[PDB]
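Here's input05.csv, which has CSV, N, CA and C atoms:
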```csv
chain,number,residue,atom,x,y,z
A,86,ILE,N,5.7,18.3,-19.3
A,86,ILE,CA,7.1,17.9,-19.6
A,86,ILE,C,7.4,16.8,-18.6
A,87,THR,N,7.1,17.1,-17.3
A,87,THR,CA,7.5,16.3,-16.2
A,87,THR,C,6.4,16.3,-15.1
A,88,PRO,N,6.3,15.2,-14.3
A,88,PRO,CA,5.5,15.1,-13.1
A,88,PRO,C,6.3,15.7,-11.9
A,89,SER,N,7.6,16.1,-12.2
A,89,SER,CA,8.5,16.6,-11.2
A,89,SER,C,8.8,15.6,-10.1
A,90,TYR,N,9.5,16.0,-9.2
A,90,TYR,CA,9.8,15.2,-8.0
A,90,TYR,C,8.7,15.4,-7.1
A,91,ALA,N,8.0,16.5,-7.3
A,91,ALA,CA,6.8,16.8,-6.4
A,91,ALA,C,5.8,15.7,-6.6
A,92,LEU,N,5.6,15.2,-7.8
A,92,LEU,CA,4.7,14.1,-7.9
A,92,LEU,C,5.4,12.8,-7.8
A,93,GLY,N,6.6,12.7,-8.2
A,93,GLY,CA,7.3,11.5,-8.0
A,93,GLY,C,7.1,11.1,-6.6
A,94,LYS,N,7.2,12.0,-5.6
A,94,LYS,CA,7.0,11.8,-4.2
A,94,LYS,C,5.5,11.5,-4.0
A,95,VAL,N,4.6,12.3,-4.4
A,95,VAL,CA,3.2,12.0,-4.1
A,95,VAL,C,2.6,10.7,-4.6
A,96,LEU,N,2.9,10.5,-5.9
A,96,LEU,CA,2.4,9.3,-6.5
A,96,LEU,C,3.0,8.0,-5.9
A,97,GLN,N,4.4,8.1,-5.7
A,97,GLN,CA,5.0,7.0,-5.2
A,97,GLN,C,4.6,6.8,-3.7
A,98,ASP,N,4.4,7.9,-3.0
A,98,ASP,CA,4.0,7.7,-1.6
A,98,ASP,C,2.7,7.0,-1.5
A,99,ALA,N,1.8,7.3,-2.5
A,99,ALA,CA,0.5,6.6,-2.5
A,99,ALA,C,0.8,5.1,-2.6
A,100,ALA,N,1.8,4.7,-3.4
A,100,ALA,CA,2.2,3.3,-3.5
A,100,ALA,C,2.7,2.7,-2.2
A,101,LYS,N,3.4,3.6,-1.4
A,101,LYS,CA,4.0,3.1,-0.1
A,101,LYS,C,2.8,2.8,0.8
A,102,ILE,N,1.8,3.7,0.7
A,102,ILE,CA,0.6,3.6,1.6
A,102,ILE,C,-0.1,2.2,1.3
A,103,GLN,N,-0.1,1.8,0.0
A,103,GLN,CA,-0.7,0.5,-0.3
A,103,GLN,C,-0.1,-0.7,0.4
A,104,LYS,N,1.2,-0.6,0.8
A,104,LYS,CA,1.7,-1.7,1.5
A,104,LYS,C,1.3,-1.6,2.9
A,105,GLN,N,1.2,-0.4,3.4
A,105,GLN,CA,0.9,-0.2,4.8
A,105,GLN,C,-0.6,-0.6,5.0
A,106,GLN,N,-1.4,-0.4,4.0
A,106,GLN,CA,-2.9,-0.6,4.0
A,106,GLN,C,-3.3,-2.0,3.4
A,107,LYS,N,-2.3,-2.8,3.0
A,107,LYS,CA,-2.5,-4.1,2.4
A,107,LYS,C,-3.4,-4.3,1.2
A,108,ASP,N,-3.1,-3.6,0.1
A,108,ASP,CA,-3.8,-3.8,-1.2
A,108,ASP,C,-2.9,-3.5,-2.4
A,109,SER,N,-3.0,-4.4,-3.4
A,109,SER,CA,-2.2,-4.2,-4.6
A,109,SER,C,-2.4,-3.0,-5.5
A,110,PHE,N,-3.6,-2.3,-5.4
A,110,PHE,CA,-3.8,-1.1,-6.3
A,110,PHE,C,-4.0,0.2,-5.5
A,111,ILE,N,-3.5,1.3,-6.0
A,111,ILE,CA,-3.7,2.5,-5.3
A,111,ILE,C,-5.1,3.0,-5.1
A,112,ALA,N,-5.5,3.1,-3.9
A,112,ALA,CA,-6.9,3.5,-3.6
A,112,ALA,C,-7.0,5.0,-3.7
A,113,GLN,N,-8.1,5.5,-4.0
A,113,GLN,CA,-8.3,7.0,-4.1
A,113,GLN,C,-7.9,7.6,-2.7
A,114,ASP,N,-8.1,6.8,-1.6
A,114,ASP,CA,-7.8,7.3,-0.3
A,114,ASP,C,-6.4,7.4,0.0
A,115,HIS,N,-5.6,6.5,-0.7
A,115,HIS,CA,-4.2,6.4,-0.4
A,115,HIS,C,-3.5,7.5,-1.1
A,116,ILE,N,-4.0,7.8,-2.3
A,116,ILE,CA,-3.5,9.0,-3.0
A,116,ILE,C,-3.9,10.2,-2.3
A,117,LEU,N,-5.1,10.2,-1.7
A,117,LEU,CA,-5.5,11.3,-0.9
A,117,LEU,C,-4.5,11.5,0.3
A,118,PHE,N,-4.1,10.4,0.9
A,118,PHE,CA,-3.2,10.7,2.0
A,118,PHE,C,-1.9,11.3,1.5
A,119,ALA,N,-1.4,10.8,0.4
A,119,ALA,CA,-0.2,11.4,-0.2
A,119,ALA,C,-0.3,12.8,-0.5
A,120,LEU,N,-1.4,13.2,-1.1
A,120,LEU,CA,-1.7,14.5,-1.5
A,120,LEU,C,-1.8,15.4,-0.3
A,121,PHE,N,-2.5,14.9,0.7
A,121,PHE,CA,-2.7,15.7,1.9
A,121,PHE,C,-1.4,15.9,2.7
A,122,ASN,N,-0.5,14.9,2.7
A,122,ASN,CA,0.7,15.0,3.4
A,122,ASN,C,1.6,16.1,2.7
A,123,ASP,N,1.5,16.3,1.4
A,123,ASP,CA,2.3,17.3,0.7
A,123,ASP,C,1.6,18.6,0.4
A,124,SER,N,0.2,18.5,0.5
A,124,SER,CA,-0.6,19.7,0.2
A,124,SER,C,-0.5,20.8,1.3
A,125,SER,N,-0.6,22.0,0.7
A,125,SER,CA,-0.6,23.2,1.6
A,125,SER,C,-1.2,24.3,0.9
A,126,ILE,N,-1.6,25.3,1.7
A,126,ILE,CA,-2.1,26.6,1.1
A,126,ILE,C,-1.0,27.7,1.4
A,127,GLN,N,-0.5,28.1,0.2
A,127,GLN,CA,0.6,29.0,0.2
A,127,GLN,C,0.2,30.5,0.3
A,128,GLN,N,-0.1,30.8,1.5
A,128,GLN,CA,-0.6,32.2,1.9
A,128,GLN,C,0.4,32.7,3.0
A,129,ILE,N,0.3,34.0,3.3
A,129,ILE,CA,1.2,34.6,4.4
A,129,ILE,C,0.9,33.9,5.7
A,130,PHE,N,-0.3,33.4,5.9
A,130,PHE,CA,-0.6,32.6,7.1
A,130,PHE,C,-0.8,31.2,6.6
A,131,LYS,N,0.1,30.3,6.7
A,131,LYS,CA,0.0,29.0,6.1
A,131,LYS,C,-1.3,28.3,6.6
A,132,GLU,N,-2.0,27.8,5.6
A,132,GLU,CA,-3.2,27.0,5.9
A,132,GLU,C,-3.0,25.6,5.4
A,133,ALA,N,-3.7,24.6,5.9
A,133,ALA,CA,-3.5,23.3,5.5
A,133,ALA,C,-4.7,22.4,5.9
A,134,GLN,N,-4.7,21.2,5.3
A,134,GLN,CA,-5.7,20.2,5.5
A,134,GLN,C,-5.6,19.7,7.0
A,135,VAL,N,-6.7,19.2,7.5
A,135,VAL,CA,-6.7,18.6,8.8
A,135,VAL,C,-5.6,17.6,8.7
A,136,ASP,N,-4.8,17.4,9.8
A,136,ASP,CA,-3.7,16.5,9.7
A,136,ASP,C,-4.1,15.1,9.5
A,137,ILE,N,-3.2,14.2,9.2
A,137,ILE,CA,-3.3,12.8,8.8
A,137,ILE,C,-4.1,12.0,9.8
A,138,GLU,N,-4.1,12.4,11.1
A,138,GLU,CA,-4.8,11.6,12.0
A,138,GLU,C,-6.3,11.6,11.8
A,139,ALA,N,-6.8,12.8,11.3
A,139,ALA,CA,-8.3,12.9,11.0
A,139,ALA,C,-8.6,12.3,9.7
A,140,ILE,N,-7.6,12.4,8.8
A,140,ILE,CA,-7.8,11.9,7.5
A,140,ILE,C,-7.9,10.4,7.6
A,141,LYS,N,-7.0,9.8,8.4
A,141,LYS,CA,-7.1,8.4,8.7
A,141,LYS,C,-8.3,8.0,9.4
A,142,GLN,N,-8.8,8.8,10.4
A,142,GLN,CA,-10.0,8.5,11.0
A,142,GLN,C,-11.1,8.3,10.0
A,143,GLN,N,-11.2,9.3,9.1
A,143,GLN,CA,-12.3,9.2,8.1
A,143,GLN,C,-12.0,8.1,7.1
A,144,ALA,N,-10.7,7.8,6.8
A,144,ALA,CA,-10.4,6.7,5.9
A,144,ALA,C,-10.7,5.4,6.5
A,145,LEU,N,-10.8,5.3,7.8
A,145,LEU,CA,-11.1,4.1,8.5
A,145,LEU,C,-12.6,3.9,8.7
A,146,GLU,N,-13.3,5.0,9.0
A,146,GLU,CA,-14.7,5.0,9.1
A,146,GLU,C,-15.4,4.7,7.8
A,147,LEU,N,-14.9,5.3,6.7
A,147,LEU,CA,-15.4,5.0,5.4
A,147,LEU,C,-14.6,3.9,4.8
A,148,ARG,N,-15.2,2.7,4.5
A,148,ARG,CA,-14.6,1.6,3.9
A,148,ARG,C,-13.5,0.9,4.7
B,86,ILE,N,12.2,-15.1,18.6
B,86,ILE,CA,11.6,-14.4,19.7
B,86,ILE,C,10.3,-13.8,19.1
B,87,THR,N,10.5,-13.2,17.9
B,87,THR,CA,9.5,-12.6,17.2
B,87,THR,C,9.4,-13.0,15.7
B,88,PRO,N,8.3,-12.9,15.0
B,88,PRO,CA,8.1,-13.1,13.6
B,88,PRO,C,8.3,-11.8,12.8
B,89,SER,N,8.7,-10.8,13.5
B,89,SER,CA,8.7,-9.4,13.0
B,89,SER,C,7.3,-8.9,12.8
B,90,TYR,N,7.2,-7.6,12.6
B,90,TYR,CA,5.9,-7.1,12.2
B,90,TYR,C,5.5,-7.7,10.9
B,91,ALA,N,6.6,-7.9,10.1
B,91,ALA,CA,6.5,-8.3,8.7
B,91,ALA,C,5.9,-9.7,8.6
B,92,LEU,N,6.3,-10.8,9.3
B,92,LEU,CA,5.6,-12.0,9.0
B,92,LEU,C,4.3,-12.1,9.7
B,93,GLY,N,4.2,-11.3,10.8
B,93,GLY,CA,2.9,-11.3,11.5
B,93,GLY,C,1.9,-10.8,10.4
B,94,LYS,N,2.2,-9.6,9.8
B,94,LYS,CA,1.4,-9.1,8.7
B,94,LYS,C,1.3,-9.9,7.5
B,95,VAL,N,2.4,-10.5,7.0
B,95,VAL,CA,2.3,-11.3,5.8
B,95,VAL,C,1.4,-12.6,6.0
B,96,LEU,N,1.6,-13.3,7.1
B,96,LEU,CA,0.8,-14.5,7.3
B,96,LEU,C,-0.7,-14.1,7.4
B,97,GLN,N,-1.0,-13.0,8.1
B,97,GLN,CA,-2.4,-12.6,8.3
B,97,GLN,C,-2.9,-12.0,6.9
B,98,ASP,N,-2.0,-11.4,6.2
B,98,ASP,CA,-2.4,-10.8,4.9
B,98,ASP,C,-2.7,-12.0,4.0
B,99,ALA,N,-2.0,-13.1,4.1
B,99,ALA,CA,-2.3,-14.3,3.3
B,99,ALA,C,-3.7,-14.7,3.5
B,100,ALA,N,-4.2,-14.6,4.8
B,100,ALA,CA,-5.6,-14.8,5.0
B,100,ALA,C,-6.5,-13.8,4.3
B,101,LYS,N,-6.1,-12.6,4.3
B,101,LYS,CA,-6.8,-11.5,3.6
B,101,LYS,C,-6.8,-11.9,2.1
B,102,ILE,N,-5.8,-12.5,1.6
B,102,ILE,CA,-5.7,-12.8,0.2
B,102,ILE,C,-6.7,-14.0,-0.1
B,103,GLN,N,-6.8,-14.9,0.9
B,103,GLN,CA,-7.9,-15.9,0.8
B,103,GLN,C,-9.2,-15.3,0.5
B,104,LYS,N,-9.5,-14.2,1.3
B,104,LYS,CA,-10.8,-13.6,1.3
B,104,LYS,C,-10.9,-12.8,-0.1
B,105,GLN,N,-9.9,-12.3,-0.6
B,105,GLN,CA,-9.9,-11.6,-1.9
B,105,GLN,C,-10.3,-12.7,-3.0
B,106,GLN,N,-9.7,-13.9,-2.9
B,106,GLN,CA,-9.9,-14.9,-3.9
B,106,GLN,C,-11.0,-15.9,-3.5
B,107,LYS,N,-11.6,-15.7,-2.3
B,107,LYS,CA,-12.7,-16.6,-1.8
B,107,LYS,C,-12.3,-18.0,-1.6
B,108,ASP,N,-11.0,-18.2,-1.1
B,108,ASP,CA,-10.4,-19.5,-0.8
B,108,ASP,C,-10.7,-19.9,0.6
B,109,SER,N,-10.8,-21.2,0.9
B,109,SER,CA,-11.1,-21.7,2.2
B,109,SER,C,-9.9,-21.6,3.2
B,110,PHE,N,-8.7,-21.9,2.7
B,110,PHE,CA,-7.5,-22.0,3.5
B,110,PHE,C,-6.3,-21.2,2.9
B,111,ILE,N,-5.4,-20.8,3.7
B,111,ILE,CA,-4.2,-20.1,3.2
B,111,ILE,C,-3.3,-21.0,2.3
B,112,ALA,N,-3.1,-20.6,1.1
B,112,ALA,CA,-2.3,-21.3,0.1
B,112,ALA,C,-0.9,-20.7,0.1
B,113,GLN,N,0.1,-21.5,-0.4
B,113,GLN,CA,1.5,-21.0,-0.4
B,113,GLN,C,1.4,-19.8,-1.4
B,114,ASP,N,0.4,-19.9,-2.3
B,114,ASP,CA,0.2,-18.9,-3.4
B,114,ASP,C,-0.2,-17.6,-2.7
B,115,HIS,N,-1.0,-17.7,-1.6
B,115,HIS,CA,-1.5,-16.5,-0.9
B,115,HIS,C,-0.4,-15.9,-0.1
B,116,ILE,N,0.5,-16.7,0.4
B,116,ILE,CA,1.7,-16.2,1.2
B,116,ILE,C,2.5,-15.4,0.2
B,117,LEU,N,2.7,-15.9,-1.1
B,117,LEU,CA,3.4,-15.1,-2.0
B,117,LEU,C,2.7,-13.8,-2.3
B,118,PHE,N,1.3,-13.8,-2.4
B,118,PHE,CA,0.6,-12.5,-2.6
B,118,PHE,C,0.8,-11.6,-1.4
B,119,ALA,N,0.8,-12.1,-0.2
B,119,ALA,CA,1.1,-11.3,0.9
B,119,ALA,C,2.5,-10.7,0.9
B,120,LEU,N,3.4,-11.6,0.5
B,120,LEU,CA,4.8,-11.1,0.3
B,120,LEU,C,4.9,-10.0,-0.7
B,121,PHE,N,4.1,-10.2,-1.8
B,121,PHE,CA,4.2,-9.1,-2.8
B,121,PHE,C,3.8,-7.8,-2.2
B,122,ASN,N,2.7,-7.8,-1.4
B,122,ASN,CA,2.2,-6.6,-0.8
B,122,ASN,C,3.3,-6.0,0.2
B,123,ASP,N,4.0,-6.8,0.9
B,123,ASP,CA,5.0,-6.5,1.8
B,123,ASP,C,6.5,-6.8,1.4
B,124,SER,N,6.7,-7.0,0.2
B,124,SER,CA,8.1,-7.4,-0.2
B,124,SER,C,9.0,-6.2,-0.5
B,125,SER,N,10.0,-6.0,0.4
B,125,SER,CA,10.9,-4.9,0.4
B,125,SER,C,12.2,-5.4,1.0
B,126,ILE,N,13.3,-5.3,0.3
B,126,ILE,CA,14.6,-5.7,0.8
B,126,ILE,C,15.5,-4.5,1.1
B,127,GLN,N,16.0,-4.4,2.4
B,127,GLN,CA,16.8,-3.3,2.9
B,127,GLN,C,18.1,-3.2,2.1
B,128,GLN,N,18.3,-2.0,1.6
B,128,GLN,CA,19.4,-1.6,0.7
B,128,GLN,C,19.3,-0.1,0.5
B,129,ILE,N,20.3,0.6,0.0
B,129,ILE,CA,20.2,2.0,-0.3
B,129,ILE,C,19.1,2.1,-1.4
B,130,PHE,N,19.2,1.2,-2.4
B,130,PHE,CA,18.3,1.1,-3.5
B,130,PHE,C,17.6,-0.2,-3.2
B,131,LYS,N,16.4,-0.1,-2.5
B,131,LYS,CA,15.7,-1.3,-2.1
B,131,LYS,C,15.1,-2.2,-3.2
B,132,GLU,N,15.1,-3.5,-3.0
B,132,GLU,CA,14.5,-4.4,-4.0
B,132,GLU,C,13.1,-4.5,-3.5
B,133,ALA,N,12.1,-4.7,-4.5
B,133,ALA,CA,10.7,-5.0,-4.1
B,133,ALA,C,10.0,-5.6,-5.2
B,134,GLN,N,8.8,-6.2,-4.9
B,134,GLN,CA,7.9,-6.8,-5.9
B,134,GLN,C,6.8,-5.8,-6.2
B,135,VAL,N,6.2,-5.9,-7.3
B,135,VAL,CA,5.0,-5.1,-7.6
B,135,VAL,C,4.0,-5.4,-6.5
B,136,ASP,N,3.3,-4.4,-6.0
B,136,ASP,CA,2.4,-4.6,-4.9
B,136,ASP,C,1.5,-5.9,-5.0
B,137,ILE,N,0.9,-6.1,-6.1
B,137,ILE,CA,0.0,-7.3,-6.3
B,137,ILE,C,-0.4,-7.5,-7.7
B,138,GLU,N,-0.2,-6.5,-8.6
B,138,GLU,CA,-0.8,-6.6,-9.9
B,138,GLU,C,-0.2,-7.9,-10.7
B,139,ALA,N,1.1,-8.1,-10.7
B,139,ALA,CA,1.6,-9.2,-11.5
B,139,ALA,C,1.2,-10.5,-10.9
B,140,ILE,N,1.3,-10.6,-9.6
B,140,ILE,CA,0.9,-11.9,-9.0
B,140,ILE,C,-0.5,-12.3,-9.2
B,141,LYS,N,-1.5,-11.4,-9.3
B,141,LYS,CA,-2.8,-11.9,-9.6
B,141,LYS,C,-2.8,-12.6,-11.0
B,142,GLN,N,-2.1,-12.0,-11.9
B,142,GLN,CA,-2.0,-12.7,-13.2
B,142,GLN,C,-1.1,-14.0,-13.1
B,143,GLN,N,-0.1,-13.9,-12.3
B,143,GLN,CA,0.8,-15.1,-12.2
B,143,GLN,C,0.0,-16.3,-11.6
B,144,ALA,N,-0.9,-16.0,-10.7
B,144,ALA,CA,-1.7,-17.1,-10.1
B,144,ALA,C,-2.4,-17.8,-11.2
B,145,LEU,N,-3.0,-17.1,-12.2
B,145,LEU,CA,-3.7,-17.7,-13.3
B,145,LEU,C,-2.7,-18.5,-14.1
B,146,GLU,N,-1.4,-18.2,-14.1
B,146,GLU,CA,-0.4,-18.9,-14.9
B,146,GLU,C,0.0,-20.2,-14.2
B,147,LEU,N,-0.5,-20.5,-13.0
B,147,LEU,CA,-0.3,-21.8,-12.4
B,147,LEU,C,-1.3,-22.7,-12.9
B,148,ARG,N,-1.2,-24.1,-12.7
B,148,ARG,CA,-2.2,-24.9,-13.2
B,148,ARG,C,-3.6,-24.6,-12.6
```
Now, as a test, write the supplied structure out as structure tokens.
Amino acid sequence: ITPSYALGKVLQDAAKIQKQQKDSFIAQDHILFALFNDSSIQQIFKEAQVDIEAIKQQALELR
Amino acid sequence: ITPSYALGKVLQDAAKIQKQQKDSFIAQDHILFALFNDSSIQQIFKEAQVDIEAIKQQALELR
């Protein structure tokens, strides 16, 4: 029915990343940053992806 | 005093655009592509251009 605001934020954030990273189309890595920024593991002990600094490290090492 | 982070980035991005198009020198056309990647006008509801999709086509629409 909807992408919700949950993805309005993620998908649009990926677009924001594109300006930061200088390219007209959303890279899989840019959408990965957006996903990772909003992603979480909803358990009693919150778990999460390595923070964005490592994600960026790898996003810079690869391509 | 400064060109802002914004023109620093736009003028250098225009060089990046040369590289995407395989052009020898920065064109005014390239500056416009760089501006599309970084075009955002401060407002509550900000104005902006499409990152780059339309301008690639619009470059073809020039002689």
Post-fit chain A coords, all in-order Cα pairs vs chain B, as a tab-separated table (two decimals) with N, CA and C atoms, in the coordinates of the input:
```
chain	number	residue	atom	x	y	z
A	86	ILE	N	11.62	-15.98	19.30
A	86	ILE	CA	10.92	-15.41	20.48
A	86	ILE	C	9.53	-15.08	19.96
A	87	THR	N	9.50	-14.35	18.80
A	87	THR	CA	8.32	-13.77	18.27
A	87	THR	C	8.34	-13.82	16.72
A	88	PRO	N	7.14	-13.88	16.08
A	88	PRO	CA	6.93	-13.72	14.65
A	88	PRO	C	6.86	-12.20	14.31
A	89	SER	N	6.90	-11.35	15.41
A	89	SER	CA	6.77	-9.92	15.29
A	89	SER	C	5.44	-9.49	14.70
A	90	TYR	N	5.31	-8.30	14.51
A	90	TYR	CA	4.14	-7.72	13.84
A	90	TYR	C	4.39	-7.81	12.43
A	91	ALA	N	5.66	-7.92	12.09
A	91	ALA	CA	6.03	-8.03	10.61
A	91	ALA	C	5.42	-9.30	10.09
A	92	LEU	N	5.39	-10.38	10.84
A	92	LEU	CA	4.71	-11.52	10.31
A	92	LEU	C	3.29	-11.56	10.72
A	93	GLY	N	2.95	-11.05	11.83
A	93	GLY	CA	1.59	-10.99	12.17
A	93	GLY	C	0.87	-10.44	11.02
A	94	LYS	N	1.35	-9.37	10.34
A	94	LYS	CA	0.81	-8.74	9.18
A	94	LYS	C	0.94	-9.74	8.02
A	95	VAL	N	2.07	-10.23	7.69
A	95	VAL	CA	2.15	-11.10	6.52
A	95	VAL	C	1.31	-12.37	6.49
A	96	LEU	N	1.43	-13.05	7.65
A	96	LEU	CA	0.69	-14.27	7.76
A	96	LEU	C	-0.85	-14.08	7.74
A	97	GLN	N	-1.26	-12.98	8.55
A	97	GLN	CA	-2.59	-12.76	8.60
A	97	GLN	C	-3.10	-12.20	7.23
A	98	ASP	N	-2.25	-11.42	6.57
A	98	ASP	CA	-2.73	-10.92	5.27
A	98	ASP	C	-2.98	-12.03	4.32
A	99	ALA	N	-2.13	-13.10	4.44
A	99	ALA	CA	-2.35	-14.27	3.56
A	99	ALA	C	-3.77	-14.78	3.85
A	100	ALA	N	-4.20	-14.78	5.12
A	100	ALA	CA	-5.56	-15.19	5.48
A	100	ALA	C	-6.65	-14.32	4.87
A	101	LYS	N	-6.30	-12.98	4.75
A	101	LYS	CA	-7.33	-12.01	4.22
A	101	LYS	C	-7.49	-12.38	2.74
A	102	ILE	N	-6.34	-12.72	2.13
A	102	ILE	CA	-6.32	-13.00	0.65
A	102	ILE	C	-7.27	-14.26	0.41
A	103	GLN	N	-7.24	-15.23	1.36
A	103	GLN	CA	-8.13	-16.37	1.19
A	103	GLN	C	-9.61	-16.07	1.09
A	104	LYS	N	-10.05	-14.92	1.68
A	104	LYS	CA	-11.41	-14.64	1.52
A	104	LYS	C	-11.62	-14.01	0.22
A	105	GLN	N	-10.66	-13.25	-0.22
A	105	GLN	CA	-10.81	-12.51	-1.45
A	105	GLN	C	-10.76	-13.55	-2.62
A	106	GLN	N	-10.02	-14.61	-2.43
A	106	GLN	CA	-9.73	-15.69	-3.45
A	106	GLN	C	-10.69	-16.93	-3.27
A	107	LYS	N	-11.60	-16.86	-2.29
A	107	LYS	CA	-12.53	-17.92	-1.98
A	107	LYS	C	-12.06	-19.33	-1.71
A	108	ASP	N	-11.19	-19.50	-0.70
A	108	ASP	CA	-10.76	-20.85	-0.23
A	108	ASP	C	-10.41	-20.85	1.26
A	109	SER	N	-10.89	-21.92	1.94
A	109	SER	CA	-10.60	-22.03	3.36
A	109	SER	C	-9.18	-22.19	3.87
A	110	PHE	N	-8.21	-22.62	2.97
A	110	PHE	CA	-6.79	-22.78	3.49
A	110	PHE	C	-5.80	-21.86	2.75
A	111	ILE	N	-4.82	-21.36	3.45
A	111	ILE	CA	-3.88	-20.54	2.79
A	111	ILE	C	-3.06	-21.13	1.69
A	112	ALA	N	-3.20	-20.62	0.53
A	112	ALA	CA	-2.49	-21.19	-0.64
A	112	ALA	C	-1.08	-20.66	-0.65
A	113	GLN	N	-0.20	-21.36	-1.18
A	113	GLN	CA	1.25	-20.90	-1.26
A	113	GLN	C	1.24	-19.52	-2.02
A	114	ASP	N	0.25	-19.33	-2.95
A	114	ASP	CA	0.21	-18.12	-3.71
A	114	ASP	C	-0.23	-16.96	-2.97
A	115	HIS	N	-1.08	-17.25	-1.91
A	115	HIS	CA	-1.70	-16.19	-1.17
A	115	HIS	C	-0.71	-15.67	-0.20
A	116	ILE	N	0.08	-16.60	0.34
A	116	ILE	CA	1.21	-16.18	1.18
A	116	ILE	C	2.21	-15.49	0.39
A	117	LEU	N	2.40	-15.92	-0.87
A	117	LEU	CA	3.27	-15.22	-1.74
A	117	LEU	C	2.78	-13.74	-1.94
A	118	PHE	N	1.48	-13.59	-2.10
A	118	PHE	CA	1.14	-12.19	-2.29
A	118	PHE	C	1.42	-11.37	-1.05
A	119	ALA	N	1.15	-11.93	0.11
A	119	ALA	CA	1.49	-11.24	1.36
A	119	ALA	C	2.88	-10.88	1.50
A	120	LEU	N	3.76	-11.80	1.18
A	120	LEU	CA	5.15	-11.68	1.26
A	120	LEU	C	5.63	-10.62	0.30
A	121	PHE	N	5.09	-10.69	-0.90
A	121	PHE	CA	5.51	-9.74	-1.92
A	121	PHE	C	5.04	-8.31	-1.63
A	122	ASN	N	3.86	-8.15	-1.00
A	122	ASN	CA	3.36	-6.88	-0.70
A	122	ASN	C	4.28	-6.23	0.41
A	123	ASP	N	4.89	-7.01	1.30
A	123	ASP	CA	5.75	-6.47	2.35
A	123	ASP	C	7.23	-6.55	2.08
A	124	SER	N	7.55	-7.46	1.05
A	124	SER	CA	8.97	-7.65	0.72
A	124	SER	C	9.60	-6.43	-0.03
A	125	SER	N	10.89	-6.34	0.33
A	125	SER	CA	11.70	-5.27	-0.34
A	125	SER	C	13.09	-5.62	-0.25
A	126	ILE	N	13.87	-4.96	-1.11
A	126	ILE	CA	15.38	-5.09	-1.03
A	126	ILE	C	15.94	-3.70	-0.51
A	127	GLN	N	16.50	-3.93	0.71
A	127	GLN	CA	16.97	-2.81	1.45
A	127	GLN	C	18.41	-2.36	1.09
A	128	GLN	N	18.41	-1.70	0.01
A	128	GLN	CA	19.71	-1.17	-0.64
A	128	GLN	C	19.52	0.38	-0.77
A	129	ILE	N	20.63	1.06	-1.07
A	129	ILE	CA	20.55	2.59	-1.27
A	129	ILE	C	19.62	2.88	-2.42
A	130	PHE	N	19.49	1.99	-3.38
A	130	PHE	CA	18.50	2.17	-4.45
A	130	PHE	C	17.45	1.13	-4.21
A	131	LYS	N	16.33	1.39	-3.66
A	131	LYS	CA	15.37	0.39	-3.28
A	131	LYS	C	15.00	-0.47	-4.53
A	132	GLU	N	15.07	-1.76	-4.26
A	132	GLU	CA	14.64	-2.72	-5.29
A	132	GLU	C	13.46	-3.50	-4.78
A	133	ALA	N	12.63	-4.09	-5.61
A	133	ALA	CA	11.52	-4.77	-5.17
A	133	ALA	C	10.96	-5.71	-6.27
A	134	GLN	N	10.07	-6.60	-5.82
A	134	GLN	CA	9.42	-7.58	-6.64
A	134	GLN	C	8.48	-6.81	-7.67
A	135	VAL	N	8.23	-7.45	-8.78
A	135	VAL	CA	7.29	-6.92	-9.73
A	135	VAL	C	6.08	-6.69	-8.89
A	136	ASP	N	5.32	-5.58	-9.15
A	136	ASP	CA	4.19	-5.30	-8.32
A	136	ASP	C	3.12	-6.30	-8.44
A	137	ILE	N	2.11	-6.27	-7.60
A	137	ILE	CA	1.01	-7.19	-7.36
A	137	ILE	C	0.23	-7.46	-8.63
A	138	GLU	N	0.20	-6.49	-9.59
A	138	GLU	CA	-0.57	-6.76	-10.71
A	138	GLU	C	-0.04	-7.87	-11.59
A	139	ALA	N	1.35	-7.99	-11.57
A	139	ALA	CA	2.00	-9.12	-12.38
A	139	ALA	C	1.94	-10.37	-11.62
A	140	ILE	N	1.99	-10.22	-10.28
A	140	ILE	CA	2.00	-11.36	-9.46
A	140	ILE	C	0.65	-12.02	-9.59
A	141	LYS	N	-0.41	-11.19	-9.56
A	141	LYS	CA	-1.73	-11.69	-9.83
A	141	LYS	C	-1.93	-12.23	-11.16
A	142	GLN	N	-1.36	-11.60	-12.24
A	142	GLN	CA	-1.43	-12.16	-13.49
A	142	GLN	C	-0.96	-13.59	-13.51
A	143	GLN	N	0.24	-13.77	-12.92
A	143	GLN	CA	0.80	-15.15	-12.94
A	143	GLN	C	0.01	-16.04	-11.99
A	144	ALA	N	-0.57	-15.49	-10.89
A	144	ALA	CA	-1.39	-16.32	-10.01
A	144	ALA	C	-2.64	-16.72	-10.64
A	145	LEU	N	-3.09	-16.03	-11.66
A	145	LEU	CA	-4.29	-16.33	-12.37
A	145	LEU	C	-4.06	-17.29	-13.54
A	146	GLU	N	-2.94	-17.09	-14.24
A	146	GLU	CA	-2.54	-17.95	-15.27
A	146	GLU	C	-2.19	-19.34	-14.79
A	147	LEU	N	-1.48	-19.42	-13.65
A	147	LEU	CA	-1.20	-20.67	-13.03
A	147	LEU	C	-2.26	-20.99	-12.04
A	148	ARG	N	-3.06	-22.09	-12.22
A	148	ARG	CA	-4.06	-22.54	-11.36
A	148	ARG	C	-5.27	-21.63	-11.19
```
Residue nearest chain A - candidates B:137, B:91, B:120, B:100, atoms counted: only C-alpha atoms:
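Selected residue with least distance to chain A: B:137.
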Closest pair table for chain B residues within 8 Å of chain A, only C-alpha atoms, as CSV:
```
residue,atom,partner,partner_atom,distance
B:98,CA,A:107,CA,7.2
B:122,CA,A:104,CA,5.4
B:123,CA,A:104,CA,5.8
B:135,CA,A:109,CA,7.9
B:136,CA,A:109,CA,4.6
B:137,CA,A:109,CA,4.2
B:138,CA,A:109,CA,6.0
```
Rounded to one decimal, what separation in Å do you get between atom N of residue B:134 and atom CA of residue B:121?
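Computed distance, atom N of residue B:134 to atom CA of residue B:121, equals 5.8 Å.
Our summary of the geometry notes that atom CA of residue B:92 is positioned 17.5 Å from atom CA of residue B:132.
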Per DSSP on the backbone, filter chain A down to the residues in helix (DSSP H, G or I) and report them as a PyMOL selection string.
chain A and resi 89-105+113-123+137-146
